[PDB]
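Residue-level listing of the chains:
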Amino acid sequence: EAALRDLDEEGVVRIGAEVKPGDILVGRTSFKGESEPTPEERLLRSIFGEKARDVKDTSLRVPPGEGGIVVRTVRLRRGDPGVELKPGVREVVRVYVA
Amino acid sequence: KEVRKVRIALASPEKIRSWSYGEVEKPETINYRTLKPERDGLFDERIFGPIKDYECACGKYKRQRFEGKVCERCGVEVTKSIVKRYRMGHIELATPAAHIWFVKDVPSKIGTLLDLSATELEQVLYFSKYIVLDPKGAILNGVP
Amino acid sequence: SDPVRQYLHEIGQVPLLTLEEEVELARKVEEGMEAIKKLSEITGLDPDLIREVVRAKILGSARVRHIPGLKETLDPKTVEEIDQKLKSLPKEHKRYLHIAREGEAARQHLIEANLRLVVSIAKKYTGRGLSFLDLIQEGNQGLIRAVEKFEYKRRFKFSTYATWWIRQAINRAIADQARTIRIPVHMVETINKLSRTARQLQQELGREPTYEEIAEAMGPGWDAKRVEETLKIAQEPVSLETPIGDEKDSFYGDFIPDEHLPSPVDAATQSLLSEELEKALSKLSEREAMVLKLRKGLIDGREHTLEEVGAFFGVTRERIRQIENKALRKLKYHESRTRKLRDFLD
Amino acid sequence: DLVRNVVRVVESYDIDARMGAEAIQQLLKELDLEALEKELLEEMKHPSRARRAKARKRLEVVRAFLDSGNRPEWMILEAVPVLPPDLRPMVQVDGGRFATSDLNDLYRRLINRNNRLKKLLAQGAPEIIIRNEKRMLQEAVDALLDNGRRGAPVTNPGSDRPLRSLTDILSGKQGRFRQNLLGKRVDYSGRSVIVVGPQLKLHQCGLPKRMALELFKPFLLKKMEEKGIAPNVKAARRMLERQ
Amino acid sequence: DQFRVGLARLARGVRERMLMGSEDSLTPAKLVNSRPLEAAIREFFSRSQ
Amino acid sequence: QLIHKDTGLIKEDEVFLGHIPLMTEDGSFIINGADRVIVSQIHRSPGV
Amino acid sequence: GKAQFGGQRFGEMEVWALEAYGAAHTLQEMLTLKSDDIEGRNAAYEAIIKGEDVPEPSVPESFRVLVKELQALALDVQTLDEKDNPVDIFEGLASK
DNA sequence: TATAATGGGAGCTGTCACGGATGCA
DNA sequence: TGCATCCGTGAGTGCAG
Ligand SMILES: [Zn+2]
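Here every chain is numbered from 1 following its written sequence, which may not line up with the entry's numbers; residues without coordinates are dropped from view. Here chains are named by letter from A upward and ligands by number from 1 upward, in the order in which they appear as written. In this view the chains form part of a larger assembly, and all numbers refer to the visible part. Only hydrogens and water are removed before side-chain values are computed, so all heavy atoms of the structure are retained for them. Residues with missing side-chain atoms are left out of burial classes, side-chain pairs and their counts.

As summarised from the PDB record, the model derives from X-ray crystallography at a stated resolution of 3.00 Å.

Given below as structure tokens:
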């Protein structure tokens, strides 16, 4: 929850925050491939009573040596009005940082 | 043993075939839906290698105790995927073809080896003129 | 020098047919096929196996290759052999070996004669993924079709009938080898549908249409979702060597990470796991850390449900499932001291 | 002639006169190399020194082949080799879009011609057609290997960009030798602005501690354990990943 | 200049469909495919030097 | 307006050609939402 | 490049520099463990984190690319030991 | 699968200097 | 034989891009 304290319910940083290297600006999830857990890994979780999760942390963090104060966010989905993006993209999010 | 020299020399057609693992029959890359490689094409794994380590194409054999078995269903070896980097294929030509280096690297290496002019080797190669191997007695304009 | 003016010149050598020479050659080709299965049911060999032999001898031994579909390998020994129980026939039966031979010979002069026509069709299928010559050859390829299917008795000129197979064969090539990702000829066909209908929509609206403005005018069974995922497979790939910048010292491919091969962090992260878990089997028991080291794999994995578990563990079937729980149990207490495992869940 | 019941004979010979690499693979194949050496030194004895000169150049090619054991005909290919697919990949970039080497389109280009030639043969085609197919086949192979070298260079549709032939890959300032073999990019390295430190001793410099941390990230990870600022190396790393 | 090059391509494609498809039931509308123009402009503005 | 070389056909439509990019007041362009500039080019001039 | 999390190009002229000094091992490192000797590269970043000296290196994976690219031009490049018999720098992965 | 149709289309420009291989009085 | 004349091959580094 520390690593999330500055994100709204959707996964966007809150306008007016302080973001530094490592910080998630936008949480994103993506599905795991034909490397869905191997033996070494299925077993390791068999110990921890937490079974293989099927999504992944693909979030957008901040690169080394950058950071600032979230000033703004644009969220373009499709299914919303006005908007339609290159084929195969559901939604795009831009976050400007000062 | 310890590398100490590096030899470079010509590839006999037999040798080229000695390298090969597959005749690339179809000019197909990967399936427009499966996004997997089409068989007999430039990325077919039954030729070149397992795309994912120690895992055959269809799903038959899927780890290291099988190693080297070419599964029956799909025909792919069970090895490291690193082989898609090293395993040569070959394209068997119907009529043979000139390695342009030995053609056009002036002075031609084939063209000097046969007292063939530059512009002869072109004509004979890019089909501007015939070249007789056995005139079987022909004669042209009063001269054999 | 220029490989098109070249071919445009060889073609310009074979004269154009006239109406009689048209019907002459066409006629001889028809009769020669008839001749070939009359010639087949006399000797009983095979029309095609027989046809190739007529074919060889007319063109010269210059060409012969074991024809796919024929059952024997058509080497110059079987062409003399078989040309022999051919010329062995009575003058009224071996009458037809001269008919075939004449046919094959007219086949050629009729193809060769009408190559200028192909040119004048492929000329206008340019800029579609295939080069002029590539198109010509495909065009030609169909032309061959046209002669083995012509019926001179319908009185039509040859131009007319062939202009069908010609474009029929360009269009199959433009649609079967153009894309780096080969897509069935019919999907290609419907794709072009979207293009042409989208175009009129734009010519109508004054702006490019949305997905849904397409799914409508595309009719029923067409929704916005289905126009979209049709477009993304329609999507042609791009060159790793595409130029990045107005100089030429960077390739678009150079900015592309190699996700496949493991990184050195990962490479190392795996080796330290697969032994600091071997550093938790030989810590409490190594034969209960071996029956559940065989309920999965140290390499290859070994895990089904109930069946080889029941074959060779030493123990009974649902007793290995109990030291499965206690092997795990012990590790869950084992791993409250050597707590060097949590990190590996990321 | 069955209408005229004459047997015609047209004045014409059974000559063997070919075109293409088919010919040359044969003429090459018929070279007794020791023979030719004999003749050439046997003419290295001539005056006028321009015949003596060319007999050298030629003889140097002969004795080249003699001393190596290469067969001249091997400068002709029946079996064109194909380069492992990973060295010429097809990859999905971020947007699920695809990125591919030029070579695939140069092979593809070739395998279409070899294939419709194997077909144009069996379906018995006139020479004029078979001719255009073999020529086109050479130009295919002449572009896989050294595109641009002879005649027009093979461009993909919708641009004027030569495709990148195997020799293009091998050679030039951006070739494989000069850009990846005689010097690569490297790990454990950084860049920054420099700034004079007059306080430094002759053997020293001023390294920003953040550059230091990364450049030594392995070493720091270990020491971080050999003291205890983290339990193990993998958790140590996750500390330094958010500032 | 780039515009004189789209117009040029567009005319290669009209006469093409002038001498094939139906010489009397035709319009300006369907004898013109704009895209060759579109892409010549787009080109000059997105990848010119 | 299309006209037939032989009969006198007359059709007349106004066909949409696409969009031309406009120049802002300060004399620049927005192309895929990114201001850009079209640098004049110097070259030898037509003549003999 | 910074945005890719680059490495720094150690080009021809830098190599010369190391060459002139006679820093053989430091050069070899830049040519194998630090760039593309995937074995000894992965092998090193385990040795550091484990506190052991770095492994002597194997062949740069980029030389292999060179071999296979010359094969694809019908050219047979062969690593040879001193008694002139080949050396498989693919550890049997290309043999049959 | 059948009126008839029978030889392309775009060049691209303002470098230079050397070395080699070829043509020609 | 000696000398035009054409064709092919070169033309700095790293970084931002
Ligand atoms: Zn399988």
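> Honestly, the protein's contact with DNA strand I in this entry has me stumped. Any pointers?
With respect to spatial proximity, 15 residues lie near DNA strand I, and among them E247 and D249 of chain C, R185 of chain D together with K2 and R9 of chain G are the closest. In these notes, residues near a molecule or strand are those with any non-hydrogen atom within 4 Å of it. Backbone atoms, meaning sugar and phosphate, form 84% of the atoms of DNA strand I found within 4 Å of the protein. Think of a polar contact as two N or O atoms within 3.5 Å of one another; within protein, one of them needs to be a possible hydrogen donor and the other a possible acceptor, and neighboring residues in sequence only count if both atoms come from side chains. Contact between DNA strand I and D249 of chain C: a base nitrogen at 2.8 Å from a side-chain N or O atom of the residue. With respect to DNA strand I, the side chain of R185 of chain D contributes an N or O atom lying 2.8 Å from a phosphate oxygen. Partitioning the surface near DNA strand I into residue classes produces 1 nonpolar, 4 polar and 10 charged. Residue classes follow a fixed rule: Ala, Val, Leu, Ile, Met, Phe, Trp, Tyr, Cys and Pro count as nonpolar, while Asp, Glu, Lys and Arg count as charged, and any other residue, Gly among them, counts as polar.

> It is not clear to me how the interface of chain G and chain D should be interpreted in this structure. Could you clarify?
Contacts between chain G and chain D engage 30 residues on the former and 34 residues on the latter. At the boundary of chain G with chain D, total buried surface from both sides reaches about 3,100 Å², with 63% on carbon and sulfur atoms. Accessible area that two parts lose when put together, with a 1.4 Å probe and added across both, is what the buried area reports. Among the residues chain G hides against chain D, the three largest losses belong to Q8, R9 and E69 of chain G. Together they make up 22% of the total. A pairing counts as a salt bridge when a side-chain nitrogen of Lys or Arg comes within 4 Å of a carboxyl oxygen of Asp or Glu. At the junction of chain G with chain D, the criterion picks out 2 salt bridges. For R176 of chain D, the salt bridge identified is with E69 of chain G, shortest N-O distance 2.8 Å. The interface formed by chain G and chain D holds 13 residue pairs in polar contact in total. Helix numbers and strand numbers start at the N terminus; a helix is a DSSP run of H or I with at least 4 residues, a strand a run of E with at least 2. Elements with a contribution of two residues or more to the side of chain G that touches chain D: β1 (8-9), α1 (12-21), α2 (24-31), α3 (38-50) and α4 (61-71) of chain G. With 8 residues, the single largest contributor to the side of chain G that touches chain D is α4 of chain G. A breakdown of the residues in the side of chain G that touches chain D according to their chemical character gives 16 nonpolar, 7 polar and 7 charged. Whether two residues are in contact is decided by their heavy atoms: any pair within 4.5 Å suffices.

> Even after reading the chapter, I still don't get the protein's contact with DNA strand H, so can you show me in this structure?
Residue and element names in this part refer to chain C. Taken together, 27 residues surround DNA strand H, and among them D2, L8, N114, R116 and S159 come closest. Here, DNA strand H places atoms within 4 Å of the protein, and 46% of those atoms are sugar or phosphate. For DNA strand H, a base oxygen lies 3.0 Å from a polar atom in the backbone of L117. Here a phosphate oxygen of DNA strand H sits 3.0 Å away from a polar atom, N or O, in the side chain of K123. Looking at the surface near DNA strand H, the elements that each hand over two or more residues are α1 (3-10), α6 (115-122), α7 (132-149) and α8 (158-174). In terms of residue count, the dominant contributor to the surface near DNA strand H is α8 (5 residues).

> Would you take a moment to explain the sheet that holds strand β7 (residues 91-97) of chain A for this structure?
The strands that make up a sheet are held in pairs by hydrogen bonds between backbone atoms, and each pair lies either parallel or antiparallel. All names here are of chain A. Between any two strands, pairing holds if DSSP finds at least two bridges. Pairing in this open sheet of 3 strands is antiparallel, and the strands run β1-β6-β7 from one edge to the other. Looking at the sheet topology across the chains shown, the edges are occupied by β1 (18-19) and β7. Relative to β7, strand β6 (residues 68-77) runs antiparallel, the two sharing 7 bridges. Bridging across to β7, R75 finds its partner in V93.

> I'm lost on the interface of chain D and chain B in this one. Help?
How big an interface is tends to be stated in terms of the accessible area lost upon association of its parts. Counting from both sides, the interface comprises 66 residues of chain D and, opposite them, 65 residues of chain B. A combined buried area of about 6,500 Å² lies between chain D and chain B, and 70% of that area is made up of carbon and sulfur atoms. Looking only at chain D, the three residues that lose the most surface to chain B are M19, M75 and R150 of chain D, adding up to 10% of its buried area. Where chain D touches chain B, the interface holds 3 salt bridges. The closest approach of N and O atoms between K136 of chain B and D14 of chain D, which form a salt bridge, is 3.3 Å. The tally of links from chain D across to chain B stands at 24 residue pairs in polar contact. Of all the secondary-structure elements, those providing two or more residues to the side of chain D that touches chain B are β1 (16-18), α1 (20-29), α2 (33-44), α3 (51-68), β2 (76-82), α4 (102-122) and α5 (127-146) of chain D. Top element by residues in the side of chain D that touches chain B is α4 of chain D. It accounts for 10 residues. Grouping the amino acids of the side of chain D that touches chain B by side-chain chemistry returns 38 nonpolar, 10 polar and 18 charged.

> What should I look at first to understand the side chain of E133 of chain D in this one?
As for its placement among the helices and strands, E133 of chain D is situated in helix α5. Classification of residues uses two cut-offs on accessible area relative to the type maximum, computed with a 1.4 Å probe and protein chains only: under 20% is buried, over 50% is exposed, and between them is partly exposed. Classification of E133 of chain D as buried rests on a relative accessible area of 0%. Here the side chain of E133 of chain D touches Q137 of chain C through a polar contact of 2.6 Å, side chain to side chain. Those residues in contact with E133 of chain D that lie beyond four places of it in its chain are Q137 of chain C together with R113, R116, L117 and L120 of chain D.

> Where do I start with helix α1 (residues 2-18) of chain E in this structure?
Residue and element names in this part refer to chain E. Over its 17 residues, α1 runs 25 Å from end to end, which matches the ideal 24 Å to within 8%, given 1.5 Å per residue. Buried residues of α1: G6, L10, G13 and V14, and no others. Seen from one end, α1 has its buried residues packed into an arc of 105°, which puts them on one side. Structurally, α1 contributes buried residues whose contacts are with α2 (28-31) and α3 (35-46). An expected span of 1.5 Å times one less than the residue number is assigned to each helix. The arc under discussion is defined with respect to the helix axis, by the directions toward the C-beta atoms.

> What's the story with the layout of surface pockets in this structure? I'm lost.
Empty space among the atoms becomes apparent when a probe as large as a water molecule is rolled across them. One number sums up the size of the second largest pocket: a volume of about 1,800 Å³. Cavity and pocket criteria rest on a 1 Å grid covering protein atoms alone: a 1.4 Å probe that fits but cannot get out defines a cavity, protein on both sides within 12 Å along at least 5 of 7 lines defines an open pocket, and an atom within 4 Å of a point defines a lining residue. Forming the boundary of the second largest pocket are 49 residues, of which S61, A62, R63 and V64 of chain C together with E127 of chain D lie nearest the centre. Counting only elements with at least two residues in the lining of the second largest pocket, the list comes to β2 (89-98) and β3 (131-134) of chain B, α3 (47-59), α4 (76-87) and α5 (95-113) of chain C together with β1, α4 and α5 of chain D. Ranked by the residues each element gives to the lining of the second largest pocket, the list is headed by α3 of chain C, at 6 residues. Residue composition of the lining of the second largest pocket, by class: 25 nonpolar, 7 polar and 17 charged. Grid points are joined across faces, edges and corners, and a volume is the space filled by probe spheres set on the points.

> Please explain α1 of chain C as it appears in this structure.
Think of an α-helix as 3.6 residues a turn; residues three or four steps apart then line up on the same face. Looking only at α1 of chain C, the buried set comprises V4, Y7 and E10 of chain C. Projected down its long axis, α1 of chain C shows its buried positions confined to an angular sector of 120°, all on one face. Where α1 of chain C is buried, its residues meet α6 and α7 of chain C together with α5 of chain D.

> Hey, could you run me through empty space enclosed by the protein in this one?
The computed volume of the largest cavity comes to approximately 260 Å³. If you list the elements that add at least two residues to the lining of the largest cavity, you get α1 (39-48) of chain A together with α14 (317-334) of chain C. For the lining of the largest cavity, a count of residues per class yields 11 nonpolar, 3 polar and 4 charged. In this structure, the second largest cavity occupies an estimated 80 Å³ of space. Surrounding the second largest cavity, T95, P96, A97, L125 and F127 of chain B together with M19, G20, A21, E22, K134, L137 and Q138 of chain D form its lining.

> I'm lost on unusual backbone geometry in this one. Help?
In terms of backbone geometry, most residues other than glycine have negative phi values and most peptide bonds are trans. Between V106 of chain B and the following residue, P107 of chain B, the backbone shows a cis peptide bond with an omega angle of -5°. Relative to the elements of secondary structure, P107 of chain B occurs in the loop between α2 (100-104) and α3 (109-113). Phi is positive for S48 of chain D, close to 80°, though the residue is something other than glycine. With respect to the helices and strands, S48 of chain D occurs in the loop between α2 and α3. Looking at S48 of chain D, the relative accessible area reads 52%, which means it is exposed.

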